[PDB]
């Protein structure tokens, strides 16, 4: 059920349904690391945590980040039997495609090789980007974990003229929720729950099933599962206290919440 207000450009239900219909075509399998029998979960975690760090230093977008995750996890479930060595290249190749897609002034191929400290060179990355893109069947327009959280935060600030286009919402709360998702993603069992719900789920932990419902549409039931699954990950964010929105003098202000960030999260994922 559509939590969008009366839209001007199209039918609010039409728009929401397309968005929903999209999150089908786009498929993920929490248990894909069994087709690569030599591959372990705790691996995927450390790779994703690496990508964040790199996204931070280059002031990349969270969105860019999540496009990387999504390209990774979708691509692997089209592959079989892969080695730990290959994963540094498949992730940063994924990210490269995203960066090219989402940024205005993306980082240059060498800077992407650079970070690999030799282990991947620009030429390898250029080959990979192409096996990846031919393996997702050129489907590089998924609604991302963060993509929803932005939707939901915007729908949480309605005012009178139900203007859903100009972003009007507080950064510190967004950041605080992101932090919880930016963890949740490290464990592979989240692919079980659609990104719609993961995003809902997390928002409920910083609010209530009433906001959740008016922003997302999802009923207390639709989430209960992932809000059960997500419980562990919440405690840990709450135990430490939640983050302060930083500013990176590169980045403007009305974008500072959209810049991806990092904290060990090693110690934190373990505590579940």
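Rigid core (definition): largest C-alpha set, two forms, superposition within 1.5 Å. Positions refer to the first chain, counted from 1.
Undergrad: Figure out for me whether 201-209 or 241-249 is the more displaced stretch in 6 other deposited structures of this protein, taking RMS C-alpha distance from the shown form once the rigid core is superposed.
TA: Greater root mean square C-alpha distance in 6 other deposited structures of this protein: 241-249.
Undergrad: For a rigid core alignment of each structure in 6 other deposited structures of this protein onto the shown form, which stretch has the higher root mean square Cα deviation: 152-160 or 166-174?
TA: Most displaced of the pair in 6 other deposited structures of this protein: 152-160.
Undergrad: Please compare 56-64 with 242-250 and name the stretch with the higher mean C-alpha B-factor in the deposited structure.
TA: Averaging CA B-factors over each stretch, the winner is 242-250.
Undergrad: Which is higher on average in the deposited entry, the C-alpha temperature factors of 96-104 or of 75-83?
TA: According to the entry, 75-83 carries the higher average C-alpha B-factor.
Undergrad: Going by the entry, which of 113, 161, 180, 132 has the most elevated CA B factor?
TA: Out of 113, 161, 180, 132, the record gives the largest C-alpha B-factor to 161.
Undergrad: Based on the PDB record, which member of 174, 138, 157, 195 exhibits the highest Cα temperature factor?
TA: The listed residue with the largest C-alpha B-factor is 157.
Undergrad: For residue 209, return the chain-relative third of its C-alpha B-factor as stated in the PDB record: lowest, middle or highest.
TA: Ranked within chain, residue 209 CA B lands in the lowest tercile.
Undergrad: Would the CA B-factor of residue 262 place it in the lowest, middle or highest third of its chain?
TA: For residue 262, the deposited C-alpha B-factor lands in the highest third.
Undergrad: Hey, what third does residue 69 fall into on Cα B-factor, ranked over its chain?
TA: Residue 69: CA B-factor falls in the middle third of its chain.
Undergrad: Split the chain's modelled residues into thirds by Cα B-factor; is residue 91 in the lowest, middle or highest one?
TA: Answer is middle: the recorded C-alpha B-factor places it there.
Undergrad: Just say lowest, middle or highest third for the CA B-factor of residue 165 relative to the other modelled residues in its chain.
TA: Ranked within chain, residue 165 CA B lands in the highest tercile.
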